[PDB]
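Read the structure below first, then the notes.
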Amino acid sequence: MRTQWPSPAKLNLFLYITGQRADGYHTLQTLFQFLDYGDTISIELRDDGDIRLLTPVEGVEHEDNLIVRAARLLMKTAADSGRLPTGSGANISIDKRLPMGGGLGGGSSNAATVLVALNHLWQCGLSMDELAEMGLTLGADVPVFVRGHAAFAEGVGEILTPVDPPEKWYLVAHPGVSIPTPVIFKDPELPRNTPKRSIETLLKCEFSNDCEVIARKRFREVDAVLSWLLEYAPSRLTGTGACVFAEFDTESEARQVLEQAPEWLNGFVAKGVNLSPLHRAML
Ligand SMILES: C[C@](O)(CO)[C@H](O)COP(=O)(O)OP(=O)(O)OC[C@H]1O[C@@H](n2ccc(N)nc2=O)[C@H](O)[C@@H]1O
Ligand SMILES: [Cl-]
């Protein structure tokens, strides 16, 4: 039997850079919300202990793909405690709708969905806590996706606190440029002294993304996408870009702006949700 699992995108509703660690990593205060939109992952169990990703993801080698790294990591960890049945394996395929990076966390979501799905299908019985712990080694966004709830993140992104921000409708655009996360974080003009604040304060303050000024300055087309969207609604960068989102109260307004917007915005409309579609589908 084949099973299908959601792999939703996320948005950083806000993102503040508070400083830099001894190793150059940046400490942050950020808010995650899921989009009811993303990739779909299909799994068929194997009994020969093999992991086979049947669908190539543009420019990513089999062993480099987060789907495969997640599956192997779970296999190894579960086997360490004797919680992996002999012969456990899987054929995996993905319907990839999300862009590469862009600040939507697509790869991290793929990894999280795989961890949760295989844990379930192989009957390993690991807790979401255990999955999120191993998931962190694959990236700070992974635990958020694994845990399934909108969350405020601190430290370098590893310290999570579940929260319940307003759920809005979003128009998410992407001009086509692939911005590598490290390119933004290494920029000399990037703000790195935003004061650390309490969750209560951050939730009542205007939402913004500290990376946006840099993204706009260095990528003309990101600046243009922002210019166009700001004509219609509050809009900002998510993650380190290049994706930008515009906020709306209803689906109808969002979709009407999408029809009006330049086609090169490559936009899609999706509802923000505080419970991940992955966990929702498991109810
Ligand atoms: C900023 C976010 O996109 C918010 O959703 C994520 O927290 C990014 O975290 P991540 O994807 O786990 O980090 P990666 O994309 O693996 O890191 C790529 C590189 O970005 C830089 N980096 C990333 C995260 C961080 N808090 N400070 C940094 O200076 C580091 O040089 C790092 O080596
Ligand atoms: Cl949680």
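Just remember, in the structure tokens the first chain shown is A, the second B, etc., residues are 1-based per chain, and ligands are 1-based in the order shown.
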Pull the closest atom pair for each residue of chain A that gets at most 8 Å from ligand 2, along with the distance in Å to one decimal, counting only C-alpha atoms and all ligand atoms, ordering rows by chain and then ascending residue number, as a tab-separated table.
```
residue	atom	partner	partner_atom_place_in_ligand_line	distance
A:144	CA	ligand 2	1 (Cl)	7.6
A:147	CA	ligand 2	1 (Cl)	5.0
A:148	CA	ligand 2	1 (Cl)	6.5
A:149	CA	ligand 2	1 (Cl)	5.3
A:150	CA	ligand 2	1 (Cl)	7.8
A:151	CA	ligand 2	1 (Cl)	7.2
A:160	CA	ligand 2	1 (Cl)	7.5
A:161	CA	ligand 2	1 (Cl)	6.9
A:162	CA	ligand 2	1 (Cl)	5.2
```
For segment 200-208 of chain A, work out the shell of residues within 7 Å, counting only C-alpha atoms and skipping chain neighbours fewer than 4 positions away, then give it as a compact mmCIF listing (two decimals) with C-alpha atoms, in the first residue's frame.
```txt
# COMPACT_ATOMS: atom_id res chain seq x y z
CA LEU A 13 5.83 35.88 10.19
CA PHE A 14 8.67 37.94 11.71
CA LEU A 15 12.45 37.50 11.96
CA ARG A 236 7.54 41.13 3.65
```
Nearest to ligand 1, chosen from A:129, A:164, A:141, A:50, with only C-alpha atoms and all ligand atoms counted in the distances: A:141
Secondary structure check, helix (DSSP H, G or I) residues of segment 89-229 of chain A, as a ChimeraX atom specification: /A:106-121,128-138,142-147,181-185,199-204,212-218,220-229
Okay, now the selection with C-alpha atoms, as a PDB file, in the first residue's frame?
```pdb
ATOM      1  CA  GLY A 106      10.680  23.054   1.642  1.00  0.00           C
ATOM      2  CA  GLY A 107      13.673  20.760   2.206  1.00  0.00           C
ATOM      3  CA  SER A 108      13.296  20.868   5.982  1.00  0.00           C
ATOM      4  CA  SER A 109       9.596  20.098   5.618  1.00  0.00           C
ATOM      5  CA  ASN A 110      10.426  17.102   3.391  1.00  0.00           C
ATOM      6  CA  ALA A 111      12.821  15.808   6.059  1.00  0.00           C
ATOM      7  CA  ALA A 112      10.262  16.271   8.849  1.00  0.00           C
ATOM      8  CA  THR A 113       7.459  14.592   6.927  1.00  0.00           C
ATOM      9  CA  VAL A 114       9.747  11.619   6.195  1.00  0.00           C
ATOM     10  CA  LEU A 115      10.765  11.292   9.870  1.00  0.00           C
ATOM     11  CA  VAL A 116       7.158  11.380  11.058  1.00  0.00           C
ATOM     12  CA  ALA A 117       5.845   9.143   8.264  1.00  0.00           C
ATOM     13  CA  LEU A 118       8.510   6.418   8.464  1.00  0.00           C
ATOM     14  CA  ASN A 119       8.390   6.426  12.283  1.00  0.00           C
ATOM     15  CA  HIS A 120       4.687   5.707  11.893  1.00  0.00           C
ATOM     16  CA  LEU A 121       4.913   3.224   9.024  1.00  0.00           C
ATOM     17  CA  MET A 128       7.811  13.628  18.422  1.00  0.00           C
ATOM     18  CA  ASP A 129      10.471  14.768  20.904  1.00  0.00           C
ATOM     19  CA  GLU A 130      12.909  12.116  19.702  1.00  0.00           C
ATOM     20  CA  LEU A 131      12.153  12.878  16.034  1.00  0.00           C
ATOM     21  CA  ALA A 132      12.622  16.614  16.570  1.00  0.00           C
ATOM     22  CA  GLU A 133      15.907  15.987  18.401  1.00  0.00           C
ATOM     23  CA  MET A 134      17.433  14.020  15.515  1.00  0.00           C
ATOM     24  CA  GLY A 135      15.739  16.371  13.041  1.00  0.00           C
ATOM     25  CA  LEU A 136      17.674  19.348  14.400  1.00  0.00           C
ATOM     26  CA  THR A 137      20.908  17.893  12.949  1.00  0.00           C
ATOM     27  CA  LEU A 138      19.363  18.345   9.520  1.00  0.00           C
ATOM     28  CA  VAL A 142      13.092  20.637  10.875  1.00  0.00           C
ATOM     29  CA  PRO A 143      11.993  20.432  14.570  1.00  0.00           C
ATOM     30  CA  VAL A 144       9.239  23.014  13.920  1.00  0.00           C
ATOM     31  CA  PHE A 145       7.849  20.894  11.115  1.00  0.00           C
ATOM     32  CA  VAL A 146       8.265  17.719  13.195  1.00  0.00           C
ATOM     33  CA  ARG A 147       6.433  19.159  16.226  1.00  0.00           C
ATOM     34  CA  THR A 181      20.939  31.364   3.110  1.00  0.00           C
ATOM     35  CA  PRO A 182      24.667  32.077   3.936  1.00  0.00           C
ATOM     36  CA  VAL A 183      24.820  34.982   1.415  1.00  0.00           C
ATOM     37  CA  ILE A 184      22.347  37.042   3.452  1.00  0.00           C
ATOM     38  CA  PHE A 185      23.794  36.079   6.859  1.00  0.00           C
ATOM     39  CA  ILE A 199       7.040  36.988  23.191  1.00  0.00           C
ATOM     40  CA  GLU A 200       4.215  39.254  24.433  1.00  0.00           C
ATOM     41  CA  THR A 201       6.025  42.354  23.182  1.00  0.00           C
ATOM     42  CA  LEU A 202       6.900  40.754  19.834  1.00  0.00           C
ATOM     43  CA  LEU A 203       3.299  39.611  19.261  1.00  0.00           C
ATOM     44  CA  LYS A 204       1.900  43.151  19.737  1.00  0.00           C
ATOM     45  CA  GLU A 212      14.602  42.145   4.086  1.00  0.00           C
ATOM     46  CA  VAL A 213      16.739  45.297   3.783  1.00  0.00           C
ATOM     47  CA  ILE A 214      19.661  43.166   2.586  1.00  0.00           C
ATOM     48  CA  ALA A 215      17.565  41.026   0.244  1.00  0.00           C
ATOM     49  CA  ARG A 216      16.090  44.144  -1.403  1.00  0.00           C
ATOM     50  CA  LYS A 217      19.470  45.841  -1.750  1.00  0.00           C
ATOM     51  CA  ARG A 218      21.319  42.871  -3.256  1.00  0.00           C
ATOM     52  CA  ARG A 220      16.763  43.907  -7.641  1.00  0.00           C
ATOM     53  CA  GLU A 221      13.955  41.516  -8.539  1.00  0.00           C
ATOM     54  CA  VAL A 222      13.195  40.827  -4.857  1.00  0.00           C
ATOM     55  CA  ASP A 223      13.012  44.591  -4.414  1.00  0.00           C
ATOM     56  CA  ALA A 224      10.594  44.760  -7.389  1.00  0.00           C
ATOM     57  CA  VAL A 225       8.369  41.925  -6.080  1.00  0.00           C
ATOM     58  CA  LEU A 226       8.122  43.796  -2.764  1.00  0.00           C
ATOM     59  CA  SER A 227       7.343  47.042  -4.582  1.00  0.00           C
ATOM     60  CA  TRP A 228       4.493  45.425  -6.521  1.00  0.00           C
ATOM     61  CA  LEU A 229       2.948  43.583  -3.538  1.00  0.00           C
TER      62      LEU A 229
END
```
Nearby residues, ligand 1, 10 Å, only C-alpha atoms and all ligand atoms, as a PyMOL selection string: chain A and resi 10-21+23-32+101-105+107-108+136-144+153-158+180-187+211+238-241
DSSP strand (DSSP E or B) residues within segment 53-111 of chain A, as an MDAnalysis selection string: chainID A and resid 53 57 60 89:95
Could you write those residues out with C-alpha atoms, as an mmCIF file, in the first residue's frame?
```cif
data_model
loop_
_atom_site.group_PDB
_atom_site.id
_atom_site.type_symbol
_atom_site.label_atom_id
_atom_site.label_comp_id
_atom_site.auth_asym_id
_atom_site.auth_seq_id
_atom_site.Cartn_x
_atom_site.Cartn_y
_atom_site.Cartn_z
ATOM 1 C CA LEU A 53 13.980 7.991 -3.523
ATOM 2 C CA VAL A 57 14.663 16.694 -7.073
ATOM 3 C CA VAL A 60 20.071 17.271 -5.690
ATOM 4 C CA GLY A 89 12.905 0.006 4.099
ATOM 5 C CA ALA A 90 11.004 2.292 1.735
ATOM 6 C CA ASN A 91 10.436 3.547 -1.761
ATOM 7 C CA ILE A 92 9.759 7.292 -1.578
ATOM 8 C CA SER A 93 8.501 9.717 -4.176
ATOM 9 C CA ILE A 94 7.653 13.383 -4.036
ATOM 10 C CA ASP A 95 5.349 15.741 -5.886
#
```
A:44, A:167, A:189, A:247 ranked by distance to residue 2 of chain A, top pick (using only C-alpha atoms): A:44
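Pairwise distance (atom CA of residue 123 of chain A, atom CA of residue 88 of chain A) equals 9.7 Å.
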From A:35, A:197, A:8, A:126, residue lying nearest residue 82 of chain A [only C-alpha atoms]: A:126
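Neighbouring residues of residue 248 of chain A at 12 Å or closer, counting only C-alpha atoms and skipping chain neighbours under 5 positions away, are residues 166, 167, 168, 169, 170, 171, 172, 229, 230, 232, 233, 234, 235, 253, 254, 255, 256, 257, 258, 269, 270, 271 and 272 of chain A.
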